[PDB]
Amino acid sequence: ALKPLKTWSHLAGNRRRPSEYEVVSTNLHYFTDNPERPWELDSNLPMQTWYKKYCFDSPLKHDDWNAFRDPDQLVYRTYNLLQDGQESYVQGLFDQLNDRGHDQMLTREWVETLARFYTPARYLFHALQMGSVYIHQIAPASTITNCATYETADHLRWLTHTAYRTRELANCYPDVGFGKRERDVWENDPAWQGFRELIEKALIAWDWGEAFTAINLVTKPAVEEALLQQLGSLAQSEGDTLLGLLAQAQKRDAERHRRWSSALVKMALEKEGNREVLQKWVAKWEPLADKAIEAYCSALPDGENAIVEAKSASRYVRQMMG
């Protein structure tokens, strides 16, 4: 008779006792068990075809994607512990800077800058939310999927911060149009068309490997450097300490996303030909990222330098991965 094991059968003989992270996150996807018929139904259904073309047939290859491990080792339990603390900090800032009348101290010029460069981000942040959640449902391993799961939750977090501050700003400056005008700015303002074209196109890149690259390796670094780093620095220098701190707080989530993205690229580079596959995709999407940064940052004060810095910082993210 089969004897009881000390851990899960797929983890037995690991030498080191499996962590909580490994116990609850590994080898969970079962659609990868039968590549010819991922789902337990007719093999010609649209969804069968979708996973075969966009997951299994991706040029980004590896013999054992389930070996991937999130460097931060996030689990649902620890994700909520981590973020509940960070939200205690952010909500604390909102609460106390409000008590202080922080928004009433902003200049009219800056308030108008917020309406143009800050609040419309609710659309871009939600687009990232959609981008990372698609990665979740098409990635070849549960450990890759989970990183995308929590990343998606973070994008929703940013959307939420933005939605909250937008109402606060609207209450303080009823005449500006906060909450009402953002869709038109996102859809028609030249400063946003670079990012809008980039994310709209990236959103229909169904191959899991290309989605990862377009969204996590190219789009996010550009969005983060422009909207968090650049706008955040400007905000601080302009007297908006709340946004300066908020952007910095959200940047912590972005750093974590880069850590797991970097780990996945590292794993991918174990296979000959993958670096070239990734560089091909980066080369295809990078031009749109430059356009996004140029259109947004050039419209900001001291725009040309903001453009140079953002381009340099975002490229550095990929450079450090190889």
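One-based numbering along the sequence shown.
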Quiz item: Between 150-158 and 234-242, which has the higher average C-alpha B-factor in the PDB entry?
Solution: 234-242
Quiz item: Relative to the other modelled residues in the chain, which third contains the C-alpha temperature factor of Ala283: lowest, middle or highest?
Solution: highest
Self-check item: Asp253, C-alpha B-factor rank within chain (lowest, middle or highest third)
Solution: lowest
Quiz item: Relative to the other modelled residues in the chain, which third contains the C-alpha temperature factor of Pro174: lowest, middle or highest?
Solution: highest
Quiz item: Looking at the C-alpha B-factor of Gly131, is it in the lowest, middle or highest third of its chain?
Solution: lowest
Quiz prompt | Ranked against its chain, the third holding the CA B-factor of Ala141 | solution = lowest
